[PDB]
């Protein structure tokens, strides 16, 4: 009846991190219930194995690798989605939906890198790309500034503690994680992550001031979840689109005390529990307001997982049997399947049958055109150019695979998934991530082709055996790049 649409997008949540995807080590009852009430997808792909390019593509319907700078965004990047670029929020606006973006961003603010006046109004910001309401973290949790932005101004701005940010130069007189580990009363770094100190945890980049506007990590989930509930409640009488992007499970993991210290995988496990709690809070509010039946929830993750992403939180020591990538090789940053094959759940009780498990090959690039079909919007010519309408497959009304899926690795090496085949194009990249995480990249100077029917773990390179399959996969990348 113009259904509401909520995208719940986790950060760095792996295929294997949720209980309903097979781990013995963490209880995720709210997400398990959500899946039981709809579809659990086993073959959904993000477009990229890193945060910024993945989110760029799902919000614009354009592969990030078409646009210079989407894969190397500065710590204080300007807007990566420019106001001239058509977004999923613009699409919903044109169906007379109220639009909101709450939580994690990864996509820049203001005009050019470093030009944000944190003591004033930021512009361009999310209202310039179609979001009526926004309450976002200014930066991901391991970066500065550690403040929230509400519609283009700093939330709870403190004029007694004016804000300054630099990714190039420290502020004289401010402590740093490297110089002053005695001030890290909550959490110490592993690799890098040893610059500004906020809330007893060091960060990437330098900052001064903030005062009352500075976040506390243990309250981030509560804060963003509360804002998501308020957006739903204020819009209970009209169609809305909410893009709810959690901080969890991004580093630093430092969850609320109702969770912290309770899961034996350590703070990383507690962050999965906290994610599940946030999902439960959304589900409870839809039930309280009688919105459950006519609300489409799409829950997924921007990219695959990482154990040690910069903090001394014992993630590797305490993982035990828990495989964040599920059956897949690699992780965040990688060209291997754990980089882009992510959890994905759809619940929409009016239209989607309960208790389904579907292996349909699908890509997040298709959300904008698929949801345009749902809400009867014709996207203008040339806009969302890589997005295809697969609404029937996303709602389990069809089992038709996407003809192929394109995956972008951190080095911009592209891969193709087509039926059972996975092709990785050659690159000069290192076989391991070099800066801290011990993640296999799948970078190699020769063609790689894997039969995912024979093993979900990409171990046996069949490229030399099947030149005709390699040529078809390479021809797909030529065709995709030629649309530029």
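Positions refer to the first chain, counted from 1.
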Per the PDB record, is the mean Cα temperature factor higher over 405-413 or over 260-268?
405-413
Selected stretch [higher average CA B-factor]: 472-480 or 16-24
472-480
Largest Cα B-factor, entry values, listed residues 169, 193, 323, 253
169
Could you check 396, 103, 108, 305 and tell me which one carries the biggest Cα B-factor in the deposited entry?
396
In terms of the chain's CA B-factor thirds, is residue 457 lowest, middle or highest?
highest
Within-chain third of residue 55 by Cα B-factor, per the entry:
lowest
Relative C-alpha B-factor of residue 68, binned into the chain's lowest, middle or highest third:
highest
Among the modelled residues of its chain, does the C-alpha B-factor of residue 33 lie in the lowest, middle or highest third?
middle
Chain-relative C-alpha B factor for residue 45 (record values, thirds): the lowest
